[PDB]
Structure formats: structure tokens, C-alpha cells
>>> print(open('start12.tsv').read())   # TSV, C-alpha atoms
chain	number	residue	atom	x	y	z
A	1	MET	CA	0.00	0.00	0.00
A	2	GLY	CA	1.20	3.60	-0.47
A	3	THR	CA	2.62	2.88	3.00
A	4	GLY	CA	2.64	-0.88	3.72
A	5	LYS	CA	0.97	-4.21	3.35
A	6	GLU	CA	-1.93	-5.21	1.12
A	7	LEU	CA	-5.53	-4.86	2.26
A	8	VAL	CA	-8.19	-7.54	2.23
A	9	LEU	CA	-11.98	-7.32	2.43
A	10	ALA	CA	-13.96	-9.35	4.96
A	11	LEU	CA	-16.50	-11.43	3.06
A	12	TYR	CA	-18.31	-12.77	6.11
A	13	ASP	CA	-18.61	-12.08	9.80
A	14	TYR	CA	-16.15	-14.32	11.70
A	15	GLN	CA	-15.89	-14.72	15.49
A	16	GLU	CA	-12.47	-15.77	16.88
A	17	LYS	CA	-12.56	-19.36	18.15
A	18	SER	CA	-9.04	-19.58	19.64
A	19	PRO	CA	-6.37	-17.34	21.15
A	20	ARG	CA	-4.56	-16.85	17.85
A	21	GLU	CA	-7.62	-15.85	15.84
A	22	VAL	CA	-9.30	-12.45	15.55
A	23	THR	CA	-12.86	-11.35	14.97
A	24	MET	CA	-14.04	-9.47	11.86
A	25	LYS	CA	-17.28	-8.11	10.51
A	26	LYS	CA	-18.48	-8.46	6.93
A	27	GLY	CA	-17.24	-5.42	4.98
A	28	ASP	CA	-14.29	-4.66	7.24
A	29	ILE	CA	-11.10	-3.71	5.43
A	30	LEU	CA	-8.23	-5.55	7.04
A	31	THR	CA	-4.48	-5.22	6.76
A	32	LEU	CA	-2.91	-8.50	5.50
A	33	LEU	CA	0.10	-9.44	7.70
A	34	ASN	CA	0.92	-13.00	6.51
A	35	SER	CA	-0.60	-15.16	3.80
A	36	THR	CA	2.04	-17.91	3.69
A	37	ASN	CA	-0.55	-20.47	4.86
A	38	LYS	CA	-3.21	-21.40	2.35
A	39	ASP	CA	-5.91	-21.93	5.01
A	40	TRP	CA	-5.31	-19.23	7.60
A	41	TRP	CA	-4.11	-15.64	6.98
A	42	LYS	CA	-2.92	-13.31	9.68
A	43	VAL	CA	-4.63	-9.91	9.51
A	44	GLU	CA	-4.94	-6.67	11.48
A	45	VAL	CA	-8.53	-5.75	12.33
A	46	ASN	CA	-8.55	-2.19	13.37
A	47	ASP	CA	-6.14	-2.47	16.30
A	48	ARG	CA	-6.24	-6.24	16.92
A	49	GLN	CA	-4.26	-8.94	15.12
A	50	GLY	CA	-4.79	-12.63	14.43
A	51	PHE	CA	-5.63	-15.42	12.02
A	52	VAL	CA	-8.91	-15.77	10.08
A	53	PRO	CA	-9.79	-18.36	7.42
A	54	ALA	CA	-8.24	-17.28	4.15
A	55	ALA	CA	-11.43	-18.18	2.26
A	56	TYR	CA	-13.35	-15.56	4.24
A	57	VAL	CA	-11.35	-12.57	2.99
A	58	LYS	CA	-10.54	-11.21	-0.50
A	59	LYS	CA	-7.32	-9.52	-1.52
A	60	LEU	CA	-7.84	-5.96	-2.79
A	61	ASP	CA	-5.30	-6.04	-5.66
>>> encode(input="start12.tsv", output="C-alpha cells")
Amino acid sequence: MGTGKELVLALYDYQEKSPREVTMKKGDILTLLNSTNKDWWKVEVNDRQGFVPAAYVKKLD
């Protein structure tokens, strides 16, 4: 991004189910931190960070 990492769009609401996940609401614009895993991407949701299912977000690119 002009300054940083790529953004992704939340496609669905998702509630964190373990300590390493994070919650997102449908339509949130998240910062993508790590997409090395094909199943779980690490994102920044506002001011919180964690993994969400990769299928639930869409790269803005």
C-alpha cells in the first residue's frame, strides 16, 4: 500500500474461536500481515491482530 501491506476485504462475519484468531465483521477492510498459509491468513482488524480463514477474505489487488 502507499505505505505498507496489502488490504483484504472481509466477506463474512467471523468470530475468533481460539487465542490466535481475531474477529471481523463483513465489509471490514483488514491489513494483511501474513498469507504464507493457504488456510489461515494473519490480519490486522482495526487495532487487533490474528488469524482468520483465508477463504473468508478477499485480496484488494
>>> residues_around(input="start12.tsv", residues="region 1-4 of chain A", least_positions_apart="5", cutoff="10 Å", atoms="all atoms listed in the file", output="list in words")
residues 31, 32, 33 and 61 of chain A
>>> residues_around(input="start12.tsv", residues="residue 26 (chain A)", least_positions_apart="4", cutoff="9 Å", atoms="only C-alpha atoms", output="list in words")
residues 9, 10, 11, 12, 13 and 14 of chain A
>>> write_last_selection(input="start12.tsv", atoms="C-alpha atoms", output="PDB file, keeping the file's coordinate frame")
ATOM      1  CA  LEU A   9     -11.980  -7.320   2.430  1.00  0.00           C
ATOM      2  CA  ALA A  10     -13.960  -9.350   4.960  1.00  0.00           C
ATOM      3  CA  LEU A  11     -16.500 -11.430   3.060  1.00  0.00           C
ATOM      4  CA  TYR A  12     -18.310 -12.770   6.110  1.00  0.00           C
ATOM      5  CA  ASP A  13     -18.610 -12.080   9.800  1.00  0.00           C
ATOM      6  CA  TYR A  14     -16.150 -14.320  11.700  1.00  0.00           C
TER       7      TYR A  14
END
>>> atom_distance(input="start12.tsv", atom1="CA of residue 16 (chain A)", atom2="CA of residue 29 (chain A)")
16.7 Å
>>> atom_distance(input="start12.tsv", atom1="CA of residue 55 (chain A)", atom2="CA of residue 20 (chain A)")
17.1 Å
>>> residues_near_point(input="start12.tsv", point="(-10.2, -7.4, 0.1)", cutoff="6 Å", atoms="only C-alpha atoms", output="list in words")
residues 7, 8, 9, 58, 59 and 60 of chain A
>>> atom_distance(input="start12.tsv", atom1="CA of residue 36 (chain A)", atom2="CA of residue 17 (chain A)")
20.6 Å
>>> residues_around(input="start12.tsv", residues="residue 15 (chain A)", least_positions_apart="6", cutoff="9 Å", atoms="all atoms listed in the file", output="compact mmCIF listing (two decimals) with C-alpha atoms, in the coordinates of the input")
# COMPACT_ATOMS: atom_id res chain seq x y z
CA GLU A 21 -7.62 -15.85 15.84
CA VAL A 22 -9.30 -12.45 15.55
CA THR A 23 -12.86 -11.35 14.97
CA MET A 24 -14.04 -9.47 11.86
CA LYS A 25 -17.28 -8.11 10.51
CA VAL A 52 -8.91 -15.77 10.08
>>> residues_around(input="start12.tsv", residues="residue 41 (chain A)", least_positions_apart="5", cutoff="6 Å", atoms="all atoms listed in the file", output="list in words")
residues 34, 35, 51, 52 and 54 of chain A
>>> closest_residue(input="start12.tsv", among="A:6, A:19, A:45, A:30", to="residue 57 (chain A)", atoms="only C-alpha atoms")
A:30
>>> closest_residue(input="start12.tsv", among="A:56, A:37, A:44, A:27", to="residue 5 (chain A)", atoms="all atoms listed in the file")
A:44
>>> axis_aligned_box(input="start12.tsv", around="region 16-19 of chain A", padding_each_side="4 Å", output="JSON")
{"center_x": -9.5, "center_y": -17.7, "center_z": 19.0, "size_x": 14.2, "size_y": 11.8, "size_z": 12.3}
>>> residues_near_point(input="start12.tsv", point="(-7.8, -22.0, 7.3)", cutoff="6 Å", atoms="only C-alpha atoms", output="compact mmCIF listing (two decimals) with C-alpha atoms, in the frame of the given file")
# COMPACT_ATOMS: atom_id res chain seq x y z
CA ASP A 39 -5.91 -21.93 5.01
CA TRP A 40 -5.31 -19.23 7.60
CA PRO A 53 -9.79 -18.36 7.42
CA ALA A 54 -8.24 -17.28 4.15
>>> decode(input="start12.tsv", residues="chain A", atoms="C-alpha atoms", output="PDB file, in the first residue's frame")
ATOM      1  CA  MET A   1       0.000   0.000   0.000  1.00  0.00           C
ATOM      2  CA  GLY A   2       1.205   3.601  -0.466  1.00  0.00           C
ATOM      3  CA  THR A   3       2.619   2.879   3.000  1.00  0.00           C
ATOM      4  CA  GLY A   4       2.641  -0.878   3.718  1.00  0.00           C
ATOM      5  CA  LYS A   5       0.971  -4.215   3.350  1.00  0.00           C
ATOM      6  CA  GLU A   6      -1.928  -5.214   1.122  1.00  0.00           C
ATOM      7  CA  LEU A   7      -5.528  -4.856   2.262  1.00  0.00           C
ATOM      8  CA  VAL A   8      -8.190  -7.537   2.233  1.00  0.00           C
ATOM      9  CA  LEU A   9     -11.982  -7.323   2.426  1.00  0.00           C
ATOM     10  CA  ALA A  10     -13.963  -9.347   4.956  1.00  0.00           C
ATOM     11  CA  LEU A  11     -16.504 -11.428   3.064  1.00  0.00           C
ATOM     12  CA  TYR A  12     -18.311 -12.769   6.109  1.00  0.00           C
ATOM     13  CA  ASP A  13     -18.614 -12.084   9.798  1.00  0.00           C
ATOM     14  CA  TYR A  14     -16.152 -14.322  11.699  1.00  0.00           C
ATOM     15  CA  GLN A  15     -15.891 -14.715  15.493  1.00  0.00           C
ATOM     16  CA  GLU A  16     -12.469 -15.769  16.877  1.00  0.00           C
ATOM     17  CA  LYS A  17     -12.557 -19.355  18.150  1.00  0.00           C
ATOM     18  CA  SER A  18      -9.038 -19.581  19.637  1.00  0.00           C
ATOM     19  CA  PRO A  19      -6.374 -17.341  21.152  1.00  0.00           C
ATOM     20  CA  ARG A  20      -4.564 -16.846  17.854  1.00  0.00           C
ATOM     21  CA  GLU A  21      -7.618 -15.853  15.838  1.00  0.00           C
ATOM     22  CA  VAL A  22      -9.299 -12.453  15.554  1.00  0.00           C
ATOM     23  CA  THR A  23     -12.863 -11.352  14.965  1.00  0.00           C
ATOM     24  CA  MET A  24     -14.042  -9.471  11.859  1.00  0.00           C
ATOM     25  CA  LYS A  25     -17.281  -8.108  10.512  1.00  0.00           C
ATOM     26  CA  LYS A  26     -18.484  -8.459   6.928  1.00  0.00           C
ATOM     27  CA  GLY A  27     -17.239  -5.424   4.977  1.00  0.00           C
ATOM     28  CA  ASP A  28     -14.290  -4.655   7.240  1.00  0.00           C
ATOM     29  CA  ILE A  29     -11.100  -3.714   5.434  1.00  0.00           C
ATOM     30  CA  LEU A  30      -8.226  -5.547   7.038  1.00  0.00           C
ATOM     31  CA  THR A  31      -4.477  -5.223   6.756  1.00  0.00           C
ATOM     32  CA  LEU A  32      -2.910  -8.497   5.501  1.00  0.00           C
ATOM     33  CA  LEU A  33       0.095  -9.445   7.700  1.00  0.00           C
ATOM     34  CA  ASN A  34       0.923 -12.997   6.510  1.00  0.00           C
ATOM     35  CA  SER A  35      -0.598 -15.155   3.799  1.00  0.00           C
ATOM     36  CA  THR A  36       2.040 -17.914   3.687  1.00  0.00           C
ATOM     37  CA  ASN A  37      -0.554 -20.471   4.862  1.00  0.00           C
ATOM     38  CA  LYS A  38      -3.206 -21.404   2.346  1.00  0.00           C
ATOM     39  CA  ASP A  39      -5.905 -21.931   5.012  1.00  0.00           C
ATOM     40  CA  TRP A  40      -5.313 -19.226   7.598  1.00  0.00           C
ATOM     41  CA  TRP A  41      -4.111 -15.643   6.985  1.00  0.00           C
ATOM     42  CA  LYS A  42      -2.916 -13.312   9.680  1.00  0.00           C
ATOM     43  CA  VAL A  43      -4.635  -9.911   9.512  1.00  0.00           C
ATOM     44  CA  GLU A  44      -4.939  -6.671  11.477  1.00  0.00           C
ATOM     45  CA  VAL A  45      -8.531  -5.751  12.327  1.00  0.00           C
ATOM     46  CA  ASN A  46      -8.554  -2.192  13.371  1.00  0.00           C
ATOM     47  CA  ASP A  47      -6.136  -2.471  16.299  1.00  0.00           C
ATOM     48  CA  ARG A  48      -6.237  -6.242  16.923  1.00  0.00           C
ATOM     49  CA  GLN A  49      -4.261  -8.935  15.116  1.00  0.00           C
ATOM     50  CA  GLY A  50      -4.790 -12.630  14.433  1.00  0.00           C
ATOM     51  CA  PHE A  51      -5.631 -15.421  12.019  1.00  0.00           C
ATOM     52  CA  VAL A  52      -8.912 -15.774  10.080  1.00  0.00           C
ATOM     53  CA  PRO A  53      -9.785 -18.361   7.418  1.00  0.00           C
ATOM     54  CA  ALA A  54      -8.238 -17.280   4.150  1.00  0.00           C
ATOM     55  CA  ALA A  55     -11.433 -18.176   2.256  1.00  0.00           C
ATOM     56  CA  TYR A  56     -13.347 -15.563   4.245  1.00  0.00           C
ATOM     57  CA  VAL A  57     -11.350 -12.567   2.991  1.00  0.00           C
ATOM     58  CA  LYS A  58     -10.539 -11.213  -0.496  1.00  0.00           C
ATOM     59  CA  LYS A  59      -7.324  -9.517  -1.517  1.00  0.00           C
ATOM     60  CA  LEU A  60      -7.835  -5.958  -2.788  1.00  0.00           C
ATOM     61  CA  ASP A  61      -5.297  -6.037  -5.664  1.00  0.00           C
TER      62      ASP A  61
END
